């Protein structure tokens, strides 16, 4: 059925914090490292039904996940630059492609 999609671009400074927030009724969501929704690259998978969160393997330990799908990042490094994908369920699927570019200053 439906499938909405988006692209964004956030900026962040080394050693600083960023909020990857996306303006989107919701059933579950998942964050992946990169532009692709692949299950081997998950950070976290929230399930509104179970009010739980399943951890992925691309967790760095500098991430905070909120229940509106927002994700906070801390202690940013030049390695933190790249893509991160948010998949929202409702049946619908939303796919937000969040880009992060880190700069030195």
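Residue numbers count along the first chain shown, from 1.
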message: I want to verify a possible break: how many residues of the deposited sequence sit between residue 17 and residue 18 without any coordinates (none, 1 to 3, 4 to 9, 10 or more)?
response: none
message: Mean CA temperature factor from the deposited coordinates, higher in 36-44 or in 58-66?
response: 36-44
Modelled-residue ranking by C-alpha temperature factor, third containing residue 88: middle
statement: Binned into thirds over the chain's modelled residues, the C-alpha B-factor of residue 27 lands in the highest
- request: Select lowest, middle or highest to describe the third in which the CA B-factor of residue 78 falls within its chain in this entry.
  value: highest
